[PDB]
$ cat upload18.pdb   # PDB, C-alpha atoms
ATOM      1  CA  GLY A   1     -10.217 -20.940  -1.611  1.00  0.00           C
ATOM      2  CA  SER A   2     -12.735 -18.186  -2.340  1.00  0.00           C
ATOM      3  CA  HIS A   3     -10.952 -14.867  -2.894  1.00  0.00           C
ATOM      4  CA  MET A   4      -9.751 -12.562  -5.687  1.00  0.00           C
ATOM      5  CA  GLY A   5      -8.238 -14.847  -8.286  1.00  0.00           C
ATOM      6  CA  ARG A   6      -8.498 -12.842 -11.490  1.00  0.00           C
ATOM      7  CA  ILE A   7      -7.727  -9.120 -11.427  1.00  0.00           C
ATOM      8  CA  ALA A   8      -7.477  -7.866 -15.005  1.00  0.00           C
ATOM      9  CA  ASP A   9      -7.450  -4.258 -16.201  1.00  0.00           C
ATOM     10  CA  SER A  10      -9.538  -2.956 -19.117  1.00  0.00           C
ATOM     11  CA  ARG A  11      -8.451  -1.234 -22.329  1.00  0.00           C
ATOM     12  CA  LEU A  12      -9.304   2.126 -23.908  1.00  0.00           C
ATOM     13  CA  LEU A  13      -9.750   0.396 -27.284  1.00  0.00           C
ATOM     14  CA  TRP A  14     -13.538   0.863 -27.248  1.00  0.00           C
ATOM     15  CA  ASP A  15     -13.209   4.665 -27.185  1.00  0.00           C
ATOM     16  CA  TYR A  16     -10.795   4.929 -30.100  1.00  0.00           C
ATOM     17  CA  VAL A  17     -13.045   2.558 -32.040  1.00  0.00           C
ATOM     18  CA  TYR A  18     -16.071   4.755 -31.313  1.00  0.00           C
ATOM     19  CA  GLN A  19     -13.987   7.804 -32.226  1.00  0.00           C
ATOM     20  CA  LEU A  20     -13.207   6.216 -35.596  1.00  0.00           C
ATOM     21  CA  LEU A  21     -16.864   5.212 -35.946  1.00  0.00           C
ATOM     22  CA  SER A  22     -17.877   8.847 -35.513  1.00  0.00           C
ATOM     23  CA  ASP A  23     -15.498   9.931 -38.273  1.00  0.00           C
ATOM     24  CA  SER A  24     -15.540   6.735 -40.293  1.00  0.00           C
ATOM     25  CA  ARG A  25     -16.431   8.469 -43.550  1.00  0.00           C
ATOM     26  CA  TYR A  26     -12.782   8.865 -44.600  1.00  0.00           C
ATOM     27  CA  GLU A  27     -11.579   5.637 -42.995  1.00  0.00           C
ATOM     28  CA  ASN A  28     -14.141   3.018 -44.083  1.00  0.00           C
ATOM     29  CA  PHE A  29     -12.127   0.444 -42.115  1.00  0.00           C
ATOM     30  CA  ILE A  30     -15.099   0.000 -39.827  1.00  0.00           C
ATOM     31  CA  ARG A  31     -18.657   1.328 -39.675  1.00  0.00           C
ATOM     32  CA  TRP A  32     -21.999   0.564 -38.050  1.00  0.00           C
ATOM     33  CA  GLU A  33     -23.780  -2.372 -39.652  1.00  0.00           C
ATOM     34  CA  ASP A  34     -26.794  -1.615 -37.481  1.00  0.00           C
ATOM     35  CA  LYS A  35     -26.882   1.516 -35.324  1.00  0.00           C
ATOM     36  CA  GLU A  36     -29.850   0.738 -33.075  1.00  0.00           C
ATOM     37  CA  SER A  37     -28.971  -2.935 -32.643  1.00  0.00           C
ATOM     38  CA  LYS A  38     -25.458  -1.807 -31.646  1.00  0.00           C
ATOM     39  CA  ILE A  39     -23.904  -3.975 -34.345  1.00  0.00           C
ATOM     40  CA  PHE A  40     -20.730  -2.852 -36.094  1.00  0.00           C
ATOM     41  CA  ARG A  41     -18.828  -4.633 -38.845  1.00  0.00           C
ATOM     42  CA  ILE A  42     -15.078  -4.721 -39.361  1.00  0.00           C
ATOM     43  CA  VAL A  43     -14.328  -3.922 -42.992  1.00  0.00           C
ATOM     44  CA  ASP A  44     -10.557  -3.935 -42.734  1.00  0.00           C
ATOM     45  CA  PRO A  45      -8.951  -5.411 -39.583  1.00  0.00           C
ATOM     46  CA  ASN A  46      -5.511  -4.368 -40.808  1.00  0.00           C
ATOM     47  CA  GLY A  47      -6.254  -0.674 -41.131  1.00  0.00           C
ATOM     48  CA  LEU A  48      -8.047  -0.635 -37.781  1.00  0.00           C
ATOM     49  CA  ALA A  49      -5.097  -2.267 -36.028  1.00  0.00           C
ATOM     50  CA  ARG A  50      -2.677  -0.042 -37.917  1.00  0.00           C
ATOM     51  CA  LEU A  51      -4.434   3.077 -36.630  1.00  0.00           C
ATOM     52  CA  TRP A  52      -4.203   1.743 -33.079  1.00  0.00           C
ATOM     53  CA  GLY A  53      -0.516   1.020 -33.556  1.00  0.00           C
ATOM     54  CA  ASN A  54       0.089   4.410 -35.163  1.00  0.00           C
ATOM     55  CA  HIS A  55      -1.677   6.334 -32.409  1.00  0.00           C
ATOM     56  CA  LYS A  56       0.242   4.513 -29.671  1.00  0.00           C
ATOM     57  CA  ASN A  57       3.404   4.893 -31.757  1.00  0.00           C
ATOM     58  CA  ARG A  58       4.294   1.215 -32.099  1.00  0.00           C
ATOM     59  CA  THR A  59       5.381  -0.636 -35.218  1.00  0.00           C
ATOM     60  CA  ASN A  60       3.961  -3.958 -36.465  1.00  0.00           C
ATOM     61  CA  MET A  61       0.453  -4.022 -35.016  1.00  0.00           C
ATOM     62  CA  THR A  62      -2.073  -6.427 -36.502  1.00  0.00           C
ATOM     63  CA  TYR A  63      -5.586  -7.707 -35.778  1.00  0.00           C
ATOM     64  CA  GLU A  64      -4.024 -10.954 -34.535  1.00  0.00           C
ATOM     65  CA  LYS A  65      -2.756  -9.124 -31.463  1.00  0.00           C
ATOM     66  CA  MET A  66      -5.878  -6.956 -31.244  1.00  0.00           C
ATOM     67  CA  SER A  67      -8.044 -10.091 -31.076  1.00  0.00           C
ATOM     68  CA  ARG A  68      -6.430 -10.869 -27.701  1.00  0.00           C
ATOM     69  CA  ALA A  69      -7.884  -7.627 -26.329  1.00  0.00           C
ATOM     70  CA  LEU A  70     -11.291  -8.436 -27.825  1.00  0.00           C
ATOM     71  CA  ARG A  71     -11.158 -11.754 -25.968  1.00  0.00           C
ATOM     72  CA  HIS A  72     -11.084  -9.668 -22.784  1.00  0.00           C
ATOM     73  CA  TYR A  73     -14.191  -7.804 -23.946  1.00  0.00           C
ATOM     74  CA  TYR A  74     -16.069 -11.040 -24.698  1.00  0.00           C
ATOM     75  CA  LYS A  75     -15.761 -12.468 -21.192  1.00  0.00           C
ATOM     76  CA  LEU A  76     -16.945  -9.177 -19.697  1.00  0.00           C
ATOM     77  CA  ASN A  77     -19.990  -9.234 -21.994  1.00  0.00           C
ATOM     78  CA  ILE A  78     -18.942  -5.994 -23.641  1.00  0.00           C
ATOM     79  CA  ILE A  79     -18.296  -7.158 -27.195  1.00  0.00           C
ATOM     80  CA  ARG A  80     -20.319  -9.983 -28.723  1.00  0.00           C
ATOM     81  CA  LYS A  81     -19.982 -12.118 -31.818  1.00  0.00           C
ATOM     82  CA  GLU A  82     -23.548 -12.930 -32.805  1.00  0.00           C
ATOM     83  CA  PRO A  83     -24.117 -16.635 -33.655  1.00  0.00           C
ATOM     84  CA  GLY A  84     -23.526 -17.204 -37.350  1.00  0.00           C
ATOM     85  CA  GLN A  85     -21.485 -14.040 -37.803  1.00  0.00           C
ATOM     86  CA  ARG A  86     -17.739 -13.890 -37.177  1.00  0.00           C
ATOM     87  CA  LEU A  87     -16.958 -10.436 -38.555  1.00  0.00           C
ATOM     88  CA  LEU A  88     -19.980  -8.844 -36.913  1.00  0.00           C
ATOM     89  CA  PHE A  89     -19.496  -7.446 -33.443  1.00  0.00           C
ATOM     90  CA  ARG A  90     -22.309  -6.283 -31.209  1.00  0.00           C
ATOM     91  CA  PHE A  91     -22.250  -4.151 -28.069  1.00  0.00           C
ATOM     92  CA  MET A  92     -23.841  -6.013 -25.180  1.00  0.00           C
ATOM     93  CA  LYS A  93     -22.681  -3.300 -22.843  1.00  0.00           C
ATOM     94  CA  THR A  94     -23.347   0.157 -24.212  1.00  0.00           C
ATOM     95  CA  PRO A  95     -21.353   3.455 -24.048  1.00  0.00           C
ATOM     96  CA  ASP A  96     -24.609   5.183 -23.040  1.00  0.00           C
ATOM     97  CA  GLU A  97     -23.771   4.120 -19.482  1.00  0.00           C
ATOM     98  CA  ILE A  98     -20.486   6.013 -19.691  1.00  0.00           C
ATOM     99  CA  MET A  99     -21.839   9.248 -21.181  1.00  0.00           C
ATOM    100  CA  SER A 100     -24.823   9.450 -18.841  1.00  0.00           C
ATOM    101  CA  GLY A 101     -22.849   7.908 -15.998  1.00  0.00           C
ATOM    102  CA  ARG A 102     -20.043  10.436 -15.796  1.00  0.00           C
TER     103      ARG A 102
END
$ encode --input "upload18.pdb" --output "structure tokens"
Amino acid sequence: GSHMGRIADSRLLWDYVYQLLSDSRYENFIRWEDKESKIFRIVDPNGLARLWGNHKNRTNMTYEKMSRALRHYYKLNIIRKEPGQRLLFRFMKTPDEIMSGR
């Protein structure tokens, strides 16, 4: 009974999001709501999803579909929705590990 049952790959979404967060000044679709607490707030889910769709060259991409990917991040304790906030997302796992890990 005990063996590998769920083998699921991860997505590069987090990087493109951070990329947009770094140059968010002209986008304003998403920005940090709290830098040190690792909390970011989605201002426009449509624009964010549109940019993802544009960059991967696919038509009709919306936050509805993106949410499925976020569900993968929740269970891995990467992205959090802090109790009481639905549009606020917090990093439980931090990119610091990647930068100083590589």
$ resolve_selection --input "upload18.pdb" --expression "the PyMOL selection byres ((chain A and resi 52) around 12)" --output "PyMOL selection string"
chain A and resi 11-17+19-20+45-51+53-63+65-66
$ residues_near_point --input "upload18.pdb" --point "(-18.4, -8.7, -37.0)" --cutoff "8 Å" --atoms "all atoms listed in the file" --output "ChimeraX atom specification"
/A:39-42,81-82,85-90
$ closest_residue --input "upload18.pdb" --among "A:28, A:37, A:2, A:94" --to "residue A:78" --atoms "all atoms listed in the file"
A:94
$ residues_around --input "upload18.pdb" --residues "residue A:75" --least-positions-apart "4" --cutoff "12 Å" --atoms "all atoms listed in the file" --output "PyMOL selection string"
chain A and resi 8+10+68-71+79-81+92-93
$ atom_distance --input "upload18.pdb" --atom1 "atom CA of residue A:38" --atom2 "atom CA of residue A:99"
15.6 Å
$ atom_distance --input "upload18.pdb" --atom1 "atom CA of residue A:64" --atom2 "atom CA of residue A:29"
15.9 Å
$ atom_distance --input "upload18.pdb" --atom1 "atom CA of residue A:76" --atom2 "atom CA of residue A:32"
21.4 Å
$ closest_residue --input "upload18.pdb" --among "A:91, A:67, A:3, A:84" --to "residue A:34" --atoms "all atoms listed in the file"
A:91
$ closest_residue --input "upload18.pdb" --among "A:9, A:27, A:43, A:98" --to "residue A:73" --atoms "all atoms listed in the file"
A:9
$ axis_aligned_box --input "upload18.pdb" --around "stretch 89-95 of chain A" --padding-each-side "6 Å" --output "lines of an AutoDock Vina configuration file"
center_x = -21.7
center_y = -2.0
center_z = -28.1
size_x = 16.3
size_y = 22.9
size_z = 22.6
$ build_atoms --input "upload18.pdb" --residues "stretch 41-62 of chain A" --atoms "N, CA, C and O atoms" --output "compact mmCIF listing (two decimals), in the coordinates of the input"
# COMPACT_ATOMS: atom_id res chain seq x y z
N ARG A 41 -19.51 -3.65 -38.03
CA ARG A 41 -18.83 -4.63 -38.84
C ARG A 41 -17.43 -4.15 -39.21
O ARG A 41 -17.25 -3.01 -39.65
N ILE A 42 -16.45 -5.02 -39.01
CA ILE A 42 -15.08 -4.72 -39.36
C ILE A 42 -14.88 -4.92 -40.86
O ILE A 42 -15.05 -6.02 -41.37
N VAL A 43 -14.54 -3.85 -41.55
CA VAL A 43 -14.33 -3.92 -42.99
C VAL A 43 -12.88 -4.29 -43.29
O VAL A 43 -12.60 -5.15 -44.12
N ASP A 44 -11.97 -3.64 -42.58
CA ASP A 44 -10.56 -3.94 -42.73
C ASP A 44 -9.88 -3.99 -41.37
O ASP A 44 -9.64 -2.95 -40.75
N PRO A 45 -9.59 -5.20 -40.89
CA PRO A 45 -8.95 -5.41 -39.58
C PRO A 45 -7.52 -4.87 -39.54
O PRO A 45 -7.01 -4.52 -38.48
N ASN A 46 -6.89 -4.81 -40.71
CA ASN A 46 -5.51 -4.37 -40.81
C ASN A 46 -5.41 -2.87 -40.59
O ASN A 46 -4.59 -2.41 -39.80
N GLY A 47 -6.24 -2.11 -41.29
CA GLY A 47 -6.25 -0.67 -41.13
C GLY A 47 -6.62 -0.26 -39.72
O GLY A 47 -6.00 0.65 -39.16
N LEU A 48 -7.61 -0.93 -39.14
CA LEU A 48 -8.05 -0.64 -37.78
C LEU A 48 -6.90 -0.82 -36.79
O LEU A 48 -6.62 0.05 -35.97
N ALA A 49 -6.22 -1.96 -36.90
CA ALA A 49 -5.10 -2.27 -36.03
C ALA A 49 -3.94 -1.31 -36.28
O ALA A 49 -3.23 -0.91 -35.35
N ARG A 50 -3.75 -0.95 -37.54
CA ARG A 50 -2.68 -0.04 -37.92
C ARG A 50 -2.87 1.32 -37.26
O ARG A 50 -1.92 1.93 -36.79
N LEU A 51 -4.11 1.79 -37.24
CA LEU A 51 -4.43 3.08 -36.63
C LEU A 51 -4.15 3.05 -35.13
O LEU A 51 -3.64 4.02 -34.57
N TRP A 52 -4.47 1.93 -34.50
CA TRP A 52 -4.20 1.74 -33.08
C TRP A 52 -2.70 1.76 -32.82
O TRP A 52 -2.22 2.43 -31.90
N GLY A 53 -1.96 1.04 -33.66
CA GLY A 53 -0.52 1.02 -33.56
C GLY A 53 0.10 2.38 -33.81
O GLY A 53 1.03 2.78 -33.11
N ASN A 54 -0.40 3.08 -34.82
CA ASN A 54 0.09 4.41 -35.16
C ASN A 54 -0.12 5.38 -34.01
O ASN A 54 0.79 6.12 -33.64
N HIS A 55 -1.31 5.37 -33.44
CA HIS A 55 -1.68 6.33 -32.41
C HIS A 55 -0.91 6.09 -31.12
O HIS A 55 -0.64 7.02 -30.36
N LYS A 56 -0.55 4.84 -30.85
CA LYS A 56 0.24 4.51 -29.67
C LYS A 56 1.72 4.44 -30.02
O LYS A 56 2.55 4.07 -29.19
N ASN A 57 2.03 4.80 -31.26
CA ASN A 57 3.40 4.89 -31.76
C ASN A 57 4.16 3.58 -31.58
O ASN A 57 5.24 3.54 -30.98
N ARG A 58 3.60 2.49 -32.10
CA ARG A 58 4.29 1.22 -32.10
C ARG A 58 4.20 0.56 -33.47
O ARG A 58 3.15 0.57 -34.11
N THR A 59 5.31 0.01 -33.92
CA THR A 59 5.38 -0.64 -35.22
C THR A 59 4.88 -2.08 -35.16
O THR A 59 4.85 -2.69 -34.09
N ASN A 60 4.47 -2.59 -36.32
CA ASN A 60 3.96 -3.96 -36.47
C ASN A 60 2.82 -4.25 -35.48
O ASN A 60 3.03 -4.86 -34.43
N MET A 61 1.64 -3.75 -35.81
CA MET A 61 0.45 -4.02 -35.02
C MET A 61 -0.63 -4.57 -35.94
O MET A 61 -1.02 -3.91 -36.91
N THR A 62 -1.10 -5.77 -35.65
CA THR A 62 -2.07 -6.43 -36.50
C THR A 62 -3.26 -6.93 -35.69
O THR A 62 -3.20 -7.03 -34.46
